[PDB]
Structures are given as structure tokens and as C-alpha cells.
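*Asks:* output the structure for:
(chains A, B, C and D, ligands or ions: 1)
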Amino acid sequence: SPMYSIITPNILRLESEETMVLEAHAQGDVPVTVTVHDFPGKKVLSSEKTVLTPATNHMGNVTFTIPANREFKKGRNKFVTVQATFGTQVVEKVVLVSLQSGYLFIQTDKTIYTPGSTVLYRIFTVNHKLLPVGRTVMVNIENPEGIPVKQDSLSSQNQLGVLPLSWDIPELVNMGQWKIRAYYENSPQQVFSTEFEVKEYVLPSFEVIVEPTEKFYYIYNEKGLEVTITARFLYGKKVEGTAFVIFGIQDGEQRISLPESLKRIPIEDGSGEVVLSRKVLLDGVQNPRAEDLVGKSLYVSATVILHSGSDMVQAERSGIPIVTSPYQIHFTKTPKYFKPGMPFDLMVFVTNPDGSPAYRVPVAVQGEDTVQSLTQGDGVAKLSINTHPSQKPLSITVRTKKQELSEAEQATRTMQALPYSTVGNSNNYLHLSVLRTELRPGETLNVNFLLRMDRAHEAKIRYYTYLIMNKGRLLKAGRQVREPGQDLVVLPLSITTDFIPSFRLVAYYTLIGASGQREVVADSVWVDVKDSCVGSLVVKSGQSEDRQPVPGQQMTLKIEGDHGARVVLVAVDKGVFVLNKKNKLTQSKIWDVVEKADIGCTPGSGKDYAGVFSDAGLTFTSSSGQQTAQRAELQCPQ
Amino acid sequence: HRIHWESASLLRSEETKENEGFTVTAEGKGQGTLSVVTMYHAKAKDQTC
Amino acid sequence: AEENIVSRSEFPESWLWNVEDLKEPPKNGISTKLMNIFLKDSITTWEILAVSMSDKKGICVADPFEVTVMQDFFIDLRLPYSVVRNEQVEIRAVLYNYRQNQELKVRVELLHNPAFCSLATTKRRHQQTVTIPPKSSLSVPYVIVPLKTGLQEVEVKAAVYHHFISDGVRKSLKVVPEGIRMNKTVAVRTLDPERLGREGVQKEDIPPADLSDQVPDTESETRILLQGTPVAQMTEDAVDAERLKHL
Amino acid sequence: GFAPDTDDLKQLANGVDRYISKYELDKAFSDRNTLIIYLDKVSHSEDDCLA
Ligand SMILES: *[C@@H]1O[C@H](CO)[C@@H](O)[C@H](O)[C@H]1NC(C)=O
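*Replies:* Numbering: from 1, shown residues only, chains lettered A, B, ... in the order given. Find the structure here:
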């Protein structure tokens, strides 16, 4: 019997482009009409038509654009009913629409301001493709108390995404954390924030950094903790002065200081050498046991005074961890479900206990032997373990076999894994495991399609259909034949600049479960790409670096970028970064915002195929009655 | 000024330099808040060391 | 000496807040743009940032470009945020030298401010000459009395002998009237027609502020703040749908 | 035109609670415009006098 199904994203946004996929399992020229009409009720939004091609095995490269409607408006959220008909049969499903029509990146020229100056800011209105779009925005400027002092409403029509606004700070004003909250006119709950200081300050003349030789702290150090002072002028020179160093402990919503560890040191040519002894730290608290300090971090507060007694630079390196083991293991990018029989690779993320990735560190298993790996720049290791074919849950921990270290400093953590619920006990799985390397644009990734079926029906899987989901959209679709006798195929995919920051590569194919009955076996795997720009924007000097710039002189700046792009410049002193380096715009911040707003949080391979697609962010529906669940919120639970 | 429910909770500040009596007219239907505060300098100069 | 020589005045904390369009034909997807900009008089490091909004690829922020601005001999005038009228204050004029092997014998001056009371006078002006060994720092303390409230100017100029190297710095500081800045709440009122008014229209009188102990020769600020109080009420979400699964 | 004496600063650095930088020591009469003193503790019961 001919078989048909729908492939749609889990969430679609207004005023954007959405793509669905259709497959026929029914060779012949058959037209399909897709109709989008609002829910609840039957009021029509859009309608598209497209004819399949037998010579192409009937892929759905069909798209639609949801109308820019206005009566969608308060109360509870809203759903949309999407319908498809290939001439003779009807399949419809409910999808969720998002008020998050795009992203607003508010960037200010500074971080800290004075009463009597001007806040200058740019709102960058992008869509979920990070592309300029024209909308209407409502902007509020809130005082530190929490009530707006100014509100505005601008339009971004034919402005290329740049909305430059300004605000004047009164000379008689309240000091503290001022806020700018901008949201799209259609979405009052899409509030984007930018907090900046208002203070009575003056520019520091140098930056002081306090850095530890060992970036962590160990309980059983017989020497102490050594921290060094690098006080350098903001133009990169060396100082001569003195400094005061104190320590403390970062407990819960409090700060305990140790006046005994109040040391004074001569900064000898931009250098210092401060040693905190173990006895002073022990006498700081009244705990008979040092092990009770595990789970709390120290902070070092330094203050450097010049030999002229002019400037006043108080710098703090808060969060120096005290840990028995200098390595911490994570399961952030590792799935919580294991594949029996199939080798279950683990994405191992071992780092310094404050998030900075480790390097050249192996991984060990309590039972497994001779198996070890190495850590690359990103901080991810690799392993392969064969799993129990039965329904026994697997709980394993990651240990370290690092040399020149004691066996009592190896971290551990119990991880809970759940077996996949195979329909009909067919023992058919899927694994899109990828070799973990440094992914760069313009390179080729040899994606592996791991397969494990039974000889009874392995030869009946003619082809595999793969889908790429990036930023919550179907980035690309494709097919690859699977002739009998092959257990592994390699797809040399040319990774382009459109795969940043990541892409969920999900794969699906039809199956018959043990008696004339339709089933779908599918799975997705989380793949991340090195986070550089989608475009290529760099800034440098058009000169030949002959000599240093001099105040009041001109330099011919060179900017390299795309064609048809609007580049905005901001020159800001690093003294504001000295006073307040918080809340600065970086591409990593943009990608983190995208990921937090991405439709997926679990790596994939849920309890069932419906769970697999819910993790992958997809909705599949067919005439057989199989359907997935729905979600109403915007961010993943917990 | 006009106060609407959608545009409420906004700091409408009117600035004055001269110390004189004021007359406000609150009309329409609903409620509201009004605060008049004079920020100045006082000759309570104590010792600052 | 310090008459035909200009000084440094433009010390902004954020500049180059500009926009630019890339319209040169592409060369393998890269467009070259040669633009002339003038670095500020400030002697520090500038973190130039660029954000590109392309209609085909997307948004992109460039890795921060640090420009280092340097001089082999300059002056930095360090001032507090604000001063108080009719008080003695002291300010720091640091002279920085980064010439590895050269002894410096420099003449330093500050021009008088009619709104300041220092030793500088229209005729009797500062004339001091100090010595800096190479690769060291100095400090000149200056005594000032603020006289009138406002944003005032501080001038410093320095010239090195036997070299054609000079510097000048202009800075702005706030002068604050003596006393404690306080906020005597003149009035707080609730505005409600047909409840406290007389048949719709209302009129409420606000008496003049007390200001009994105000410092003379100062100007005050009366702020009238208006706000709307939400009276959000009942009729929230109705009965859940679970009870309707039998009809 | 004024400058603190050197032997007095040497004596102060020899004594406790008083610290003067070594760089200040080899900073002879030619340039001693500003001085810096650090006190380990300040007596609140009485007045600590240094000349
Ligand atoms: C007056 O200012 C002080 C801070 O100096 C603040 O604590 C207080 O809340 C203010 N009161 C009013 C009525 O503005």
C-alpha cells in the first residue's frame, strides 16, 4: 500500500520561511496541496501546490510563508492547524507559533556612564536566520528602582536592521543599574535587556590582573597558594608601585574577609609574588576539618597604588575554586539514553572546575582497560563502549588516568541511562556518530551512518533520508541509497558557512514490523561546529605597522566583509572595561542566545520515535494515525 | 498629560525652578499618583574628616 | 612657550559611533574599504568593534581591534569626579616618560581659572621646572579652591627643553555647592475623581516648599512625578478543561 | 624646593609598622616631590605622632 507522511518543524515563526517534507512509499506524478489555516476554528492563511517527481524518489522540497497577520492576539497562547492533501487523502496537525519573531541585540557604546552624558545604543533587529528584517520596536529606559523614565516606539522599515537611538542622562539622577528593555511591537513578552552602570567615576590609568600559578586550589598543598600581580598600563607598559592584597571566601550570598591575610607587596617592574599560607587560611575559619571547604571558592581582592599615589585600581579575581580533584566531568552534550548491542559513544566534556576546557587529559573506566583518549582544543574527548543487548540499564562514571598525579584525585559521577523503547522488540536502532575533530567552513566532514538491523529485513531498506536542523529550521534534506551487503556508508558533506553554530542531523526510513504494519525507525545526533562568523568581517590597519600611532594622527582603517552589508563602528576606551567589563557584546553571546532559543536541548534519541523527534524538534504525522506530542512553552524545561 | 492603562507606570517628570504653589486637575475615570519633591542644598554643614 | 602650542581636549569614553556601507564589488566574498579616521587626543588603548548586517549571510561581530596610542613623553591630569565650593583641594599632574636613555628637564604650567582660586593669576603665573630621569614617573600636586558651581576647566601644559616635544591636557570637573544634597518630599497625593473630587472635575493645591535652611546663591529643583496605578482585578482563567471531557 | 631627609626614612623603615619603598631610598634630593607612608595600625586611644 502507498505510504505518505509529513515532516514539519516543531515551532514556526510569523513572517518567516518554513519548509515541510513529503515522501511517497507510490511512484507517479501526484500533486500535493498544503493549506495553512488558523486555529481554533476554520477561518485561510496560505495555500501552496507542488507535484512530486518519480525520478527523484519524491522528496519534499516544499516551503511556505505564514502570512503577516494582525488579528492574532490577551490570554493564552495560540496554535495553527497545518493541512496537506495529495489529491485523495487528508493529513493535518497542530503546530505552535512563536512571538519570538527574531532577536534584538542592544549594544551600547559603553558599560558605565556619568550623570550629564549621553547613552548611545543600537538595536540590531534580526530574524531567526540572523538576517536583517523590518519590524516595529518598543523601547523602555528603566531606573534602578524598576519603573521606566522614557518610552519610545520606532520602525525598522528600509533601515537594514540598525536602529540607532540615544538618551540624555539628567544631572540630577539616581545612581546604579539602569536598564534598556526593547521588544517587538507584536510581542510584549519578547523583552530584551541591556543593563549599564550610572556612577560618578574617573578613568583608571592601568589594568591590574591577579593570576594564580595554579588556577585552582588544593586542600593538601604543603607550600600554599601563589598568586602573581600583573599591573600594566592600558597602553601595555610596566608600572612601579605598591599593592595591597586581601582574600576571602565566597559563601552563599555573603563575603567573609580575613584581616590576617592582609599583605602589602612591592610591584617590581609590573610583577608581584604573593603567597597565602595554609595556616592563615585555616585560622580564618573555625572549622576543625579542612574538607568542609570543598564546594566553596576563594576570592582575591587587590588594590595597586602608584608611587605617585595618583590612581586607585581595585581588581578582584573572584572564584578561585578549592577542589580535591582539579578536573570535573560533564554530561551536557551527551545523550541520556543508551543503545543496547550497538556501541554507545559518549561525548566526554572534562574541564577545569570553573568551565574552562582541559587539554591532553585522558578518560578511564572502572571495568574497561587499555582504553584512553586525548582532549583537543574545544575540550571534548571520545570513547567507545559496547553495551548489554538485554534491557539492563547502564550506569557508568568517567575516571582519569593522568600521570604525575595521585589516584585519589580522580573525579567521578554516576550517570543514569535509559533503554530505548523499540517497537515490536525489533532491535533496530540508528547512530549518526561523527568523528570529533575541529569543524571549519570549507572543509569536508565524513559523517558516518551507523547501521544495526537484522539479516531478515536488512536488504529491504533501499535508501536513507537525512535532514539538517539548524536554528530550529530544516536546513537541508537529502537521500543516500543503501544497497544490500553494506553495514556502513560515509557521506563526505561539504560543511559550509550555513552550519554554524550546530546542526541536528536526523535520519529516517520506513520499516515493516513483523506483520504488514508500518513503522518508522529514526534518530538524530548533536553536532557542533567551531563558532566563527557566518560571514567574514575583520578589521585591521591599511598601513605596514611601521611605528606606533601618536595622539591626534589619522590611520586608514581596513575593513573586510561581505558585499551589501552595513558595518557599524564603535571606538571605546578600555578604561570602561577596567571599571566594568560586564555585559559586552560578543559573537559567543549571540550564539548562546541562539542556542538558548533553539528548539532542542536534549541531544536526542528519546524513549520512542516521538521522543526522538521531540528532542530533535520535529512533528511527524501520517494516515496510519501515528503522531507526536506538543509543547507550549518557549524554552526547554529546567 | 494623558494616562492610559497600556502606557501607565511611566515616570512623567515635570521640572520647575521657582518655589510657588501648584494647581493640578485630575479628571477622567480611574486613579493616579502624584509626588512633588524639591531637591536642594541645606545649610546643615557639620564637620568631613 | 605655552602660547603657540595647542593642547589635548577631546577625551571621550566612546567615539566612532558611525555607520558604513560595503559596496565595492566582491573579490571572493571580501570587500576592501579604506577609510580615514582620526584617533582621539586621549593616550590609551581603543577597542574598536565592528558589527556587519548583511542581507545574504547574516550578522557578524569582529574580534575586537585594539589600537595602542603612545608618546615618549606626555602628561596625565588626574581629577576626582566633583569638588565642593570654598574648599581646599589638591590635584595630581603626572608626567610620564618612556624614553629609555634621556634626562628630561621640563617646564610645567597651568593657566588660571577665573572660577578657581590657585596660585595662578592673570599676571603672577606658575613657573616651575622639574627633572625626570629616563623611564620613570613624576607627580605635581596643585592646590585649588572652587568658587562657583558648574563644569569648570583645568589647563595643564608641559614643554621639554632641547627637544621639540610638548603636551597639554584640558579636563572638566563638576563643582558642587557645600552641604548635603537632600530631598524634602513636599507633597504626596492620590488623584481620584468622583471619589475625592466634585462632580468629575477636580482641582488640588500644592503649597510652596519649606526651604527654611537652604544655602543661598543656589538653585533648587522641583520635580513633579505622575504615575498610573494598575487596578488589575479578577476574572482570571476560567474552569479547566478536564471537567469537560464527558460532554 | 623641599625634600624629606634620607636617614630619617631609613630609621622609619628599620622600625616596625612603618614601610618606605626601596625605590624611594635611591631617590635622592634631586627628586623627592611626594612621599608615601603605610601604617600597619592606627592607634584610636591616643595620637600617633611621626616627625
Ligand atoms: C532621597 O535621597 C536618598 C538618597 O540620598 C534616598 O535614600 C531617598 O529614598 C530619597 N527620597 C526621596 C523621597 O526621593
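*Asks:* roughly how far does the residue lying farthest from the centre of chain A sit from residue D:33?
*Replies:* For chain A, the residue at maximal distance from the C-alpha centroid (CA atoms, centre = their mean) is residue A:308, at 46.6 Å. Noted for residue A:308: a distance of 9 Å to residue D:33, by CB to CB, to the nearest Å. The C-beta positions use only the backbone N, C-alpha and C, and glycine is treated the same way.
*Asks:* could you do residue A:546 as well?
*Replies:* 37 Å.
*Asks:* checking residue A:2 next. Helix, strand or coil?
*Replies:* Using DSSP: H, G, I helix; E, B strand; the rest coil, the three-state assignment for residue A:2 comes out as coil.
*Asks:* now do the contacts for it.
*Replies:* By CB atoms under 8 Å, 6 or more residues apart in numbering or on different chains, the contact list for residue A:2 reads A:24, A:25, A:26.
*Asks:* could you look up the SS state of the last one?
*Replies:* Of the three states, residue A:26 takes coil under three-state DSSP.
*Asks:* how much space separates it from residue C:212?
*Replies:* Taking CB to CB, one finds residue A:26 at 94 Å from residue C:212.
*Asks:* between those two, point out the one with more neighbours.
*Replies:* residue A:26 (14 against 8; other CB atoms under 10 Å in any protein chain shown).
*Asks:* how far away is the more buried one from residue A:86?
*Replies:* From residue A:26 across to residue A:86, the span is 9 Å (CB to CB).
*Asks:* shared neighbours of the two, anything?
*Replies:* Common neighbours of residue A:26 and residue A:86, counting by CB under 8 Å, 6+ apart, are residue A:4.
*Asks:* how deep is residue 178 tucked in, by neighbour count?
*Replies:* The chain I'm using is chain A. Neighbours of residue A:178 (other CB under 10 Å): 21.
*Asks:* wait, I meant chain C there
*Replies:* Counted with other CB under 10 Å, residues neighbouring residue C:178 total 15.
*Asks:* go on, residue C:30?
*Replies:* For residue C:30, the neighbour count with other CB under 10 Å is 16.
*Asks:* most proximal residue of chain D with respect to the ligand?
*Replies:* Proximity of chain D to the ligand (CB to the nearest ligand atom) peaks at residue D:44, 28.9 Å away.
*Asks:* how about the secondary structure of that residue?
*Replies:* Secondary structure assignment for residue D:44 (three-state DSSP): coil.
*Asks:* residue C:106 reaches residue C:133, doesn't it?
*Replies:* No. If you go by CB atoms under 8 Å, residue C:106 and residue C:133 don't touch, sitting 11.9 Å apart.
*Asks:* more neighbours, the two?
*Replies:* A side-by-side neighbour count of residue C:106 and residue C:133, using other CB under 10 Å, places residue C:106 first with 22 against 14.
*Asks:* now the more buried one, nearest residue through space, not along the chain?
*Replies:* Ranked by CB to CB, 6 or more residues apart in numbering or on different chains and with sequence neighbours excluded, the top spatial neighbour of residue C:106 is residue C:160, at 4.8 Å.
*Asks:* who's in contact with that neighbour?
*Replies:* By CB under 8 Å, 6+ apart, the contact set of residue C:160 is C:73, C:104, C:105, C:106, C:166.
*Asks:* which helices and strands sit right next to the host helix or strand of residue B:41?
*Replies:* Using DSSP states H and E, residue B:41 sits in strand B:33-42. For strand B:33-42, the packing partners by 3 or more CB pairs under 8 Å, 6 or more residues apart in numbering or on different chains; DSSP states H and E come out as strand C:180-190, strand C:221-227.
*Asks:* need these in CSV (columns: distance to residue A:3 and mean neighbour count).
*Replies:* Output for these, formatted as CSV (distance: least, CB to CB, whole Å; neighbours: other CB atoms under 10 Å in any protein chain shown):
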stretch, distance to residue A:3, mean neighbour count
strand C:180-190, 70, 13
strand C:221-227, 64, 17
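*Asks:* so which of those gets nearest chain A?
*Replies:* Each of the helices and strands packed on strand B:33-42 has some distance to chain A by CB to the nearest CB; the shortest is strand C:221-227, at 5.6 Å.
*Asks:* run the angle between that closest one and strand B:33-42 for me.
*Replies:* 160 degrees (axes from the mean of the first three to the mean of the last three CA atoms, to 10 degrees).
*Asks:* what's strand C:221-227 packed up against?
*Replies:* Using 3+ CB pairs under 8 Å, 6+ apart, the elements in contact with strand C:221-227 are strand B:12-16, strand B:33-42.
*Asks:* will you turn these into TSV that also has mean neighbour count?
*Replies:* Output for the helices and strands packed on strand C:221-227, formatted as TSV (neighbours: other CB atoms under 10 Å in any protein chain shown):
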stretch	mean neighbour count
strand B:12-16	12
strand B:33-42	18
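*Asks:* reformat the ones you listed as TSV; add distance to residue C:171.
*Replies:* TSV is the format used below for the helices and strands packed on strand C:221-227 (distance: least, CB to CB, whole Å):
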stretch	distance to residue C:171
strand B:12-16	29
strand B:33-42	25
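*Asks:* which strand residues bridge residue 38?
*Replies:* I went with chain A, as the question did not name one. Beta-bridge partners for residue A:38, by DSSP bridges, are residue A:80.
*Asks:* you answered for a different chain; I wanted chain D.
*Replies:* Counting by DSSP bridges, residue D:38 is bridged to residue D:19.
*Asks:* chain C against the ligand: which residues are in contact?
*Replies:* C:183, C:185 (CB under 6 Å from any ligand atom).
*Asks:* need the residues of chain C near chain D, please.
*Replies:* Contact residues, chain C versus chain D (CB under 8 Å from any CB of the partner chain): C:130, C:131, C:132, C:133, C:138, C:139, C:140, C:141.
*Asks:* out of those, who's nearest chain B?
*Replies:* The closest of the residues of chain C next to chain D, once distances to chain B are taken by CB to the nearest CB, is residue C:141, at 18.9 Å.
*Asks:* for the closest one, what are its contacts?
*Replies:* C:90, C:91, C:92, C:93, D:33, D:34.
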